[PDB]
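In: just the first chains of my complex for now:
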Amino acid sequence: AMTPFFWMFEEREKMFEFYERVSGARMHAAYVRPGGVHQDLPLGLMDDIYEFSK
């Protein structure tokens, strides 16, 4: 099947915009740490999560 791969990877590439705005690299992040969470969510992201989920 060719279509369901490319149908979701458009949406999946939008998902790494959340990762880039919350941490340095695209995929792997040193974000979750023994001290909880390394860095707080920026002001732009919290409005984007609701916009994505809709």
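Out: Now that the structure is in, tell me what you want to look at. Residues are numbered from 1 along each chain as shown, chains lettered A, B, ... in the order given.
In: what sits against the residue nearest the centre of chain A?
Out: Nearest to the mean C-alpha position of chain A, counting by Cα atoms, centre = their mean, stands residue A:18 at 2.9 Å. Under the criterion of Cβ atoms under 8 Å, 6 or more residues apart in numbering, the neighbours of residue A:18 are A:45, A:48, A:49, A:52. Using the backbone N, CA and C atoms, a C-beta is placed for each residue, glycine as well.
In: give me the element the spatially closest residue to the first one that is not a sequence neighbour is part of.
Out: Spatial nearest neighbour of residue A:45, chain neighbours left out: residue A:21 (5.4 Å); criterion: Cβ to Cβ, 6 or more residues apart in numbering. Per DSSP states H and E: residue A:21 is located in helix A:3-22.
In: can you slot in chain B too:
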Amino acid sequence: XXXXXXXXXXXXXXXXXXXXXXXXXXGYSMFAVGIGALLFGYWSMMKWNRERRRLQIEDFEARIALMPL
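Out: That brings us to chain B, laid onto the chains above:
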């Protein structure tokens, strides 16, 4: 003043909603159009073959008419 990430839900995006539903076709109604197209198909086709018979006999008549050939 402290500024942090604010919470917003608004519509909650609707948690698990069905989108798949029956459309256009019902069941018995599709057979009325399906077999209905077949019955219309044969009746239209066989009338042309009867019109072909008008040409057919007339074509073979040319051979009988031509004896100097």
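In: repeat for the contacts of residue A:18, accounting for chain B.
Out: Residue A:18 makes contact with A:45, A:48, A:49, A:52 under the criterion Cβ atoms under 8 Å, 6 or more residues apart in numbering or on different chains.
In: what of residue A:48?
Out: By Cβ under 8 Å, 6+ apart, the contact set of residue A:48 is A:17, A:18, A:21.
In: isn't residue A:52 up against residue A:12?
Out: No. With contacts counted by Cβ atoms under 8 Å, residue A:52 stays clear of residue A:12, the gap being 11.5 Å.
In: quick one: which of these two has more around it?
Out: residue A:52 (14 against 10; other Cβ atoms under 10 Å in any protein chain shown).
In: residues touching that one, list them.
Out: If a contact means Cβ under 8 Å, 6+ apart, then residue A:52 has A:14, A:18 as its contacts.
In: ok, the residue nearest to residue A:44 when sequence neighbours are not counted - how many residues close by?
Out: Take residue A:44 and drop its neighbours on the chain: the residue closest to it by Cβ to Cβ, 6 or more residues apart in numbering or on different chains is residue A:21, 6.6 Å away. When counting by other Cβ under 10 Å, one arrives at 12 neighbours for residue A:21.
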